[PDB]
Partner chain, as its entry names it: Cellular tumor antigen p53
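Only one chain comes next, encoded as C-alpha cells, the form solved without the partner chain.
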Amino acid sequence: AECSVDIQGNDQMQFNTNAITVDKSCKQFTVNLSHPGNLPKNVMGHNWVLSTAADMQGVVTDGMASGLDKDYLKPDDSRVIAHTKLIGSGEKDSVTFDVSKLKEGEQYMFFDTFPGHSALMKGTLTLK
C-alpha cells in the first residue's frame, strides 16, 4: 500500500518517529530524511541506518570509529541493510531498498551512527 516514510532529525538530537512498519505488499520501500535543525553536519550529524538489532551495536561502534569523512559509517559494512547519507541542517536524503532484504519474524532497527546520537535516535522497523 504505502511504501514511503518521512523520517526527521532535529537540533534536539531526536527522530520525529520511533517505529516504521513496512507493508509486505511493497516491492521496495523508501525513507526520506531531512534535517529541520540549524546545526551543521559536523555538529548535528544525522543519518538513517537500517540493520537487524543483533548488529545495531557494532555498526554503531565501528561507525564511531570512522569519522565525518566516512559518514560515521564503517566502509564495507555488510551489517547495514540500507542507509541514508549523513546530513546536516537544511539537508535531505532518501534511500530506497528492496523489501525482499527484510524478513518476517526478524526484528530490524534503524538508527543514527553519529557519535552520541544512537541513544536518543533509534527505533524499530516492522515488516508486516
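Residue numbers count along the first chain shown, from 1.
Stretches 50-58 and 80-88 differ in mean CA B factor, with 50-58 having the higher one. The deposited model assigns a higher average Cα B-factor to 100-108 than to the other stretch when 100-108 and 19-27 are compared.
Among the modelled residues of its chain, residue 67 has a C-alpha B-factor that falls in the lowest third, as given in the PDB entry.
Ranked against the other modelled residues of its chain, the C-alpha B-factor of residue 32 as given in the entry falls in the lowest third.
Omitted from view is the form solved in complex with the partner chain, to which the following refers.
Remark: residue 101 does not count among the residues lining the partner chain in the entry with it bound, judged by a heavy atom distance of 4.5 Å or less.
At the 4.5 Å threshold, heavy atoms of residue 82 stay clear of the partner chain in the entry with it bound, well away from it. Residue 64 belongs to the set of residues with a heavy atom inside 4.5 Å of the partner chain in the entry with it bound. Using a 4.5 angstroms threshold between heavy atoms, residue 26 stays clear of the partner chain in the entry with it bound. Applying a 4.5 Å heavy atom cutoff to the partner chain in the entry with it bound picks out 42, 43, 44 from 23-53, in order along the sequence.
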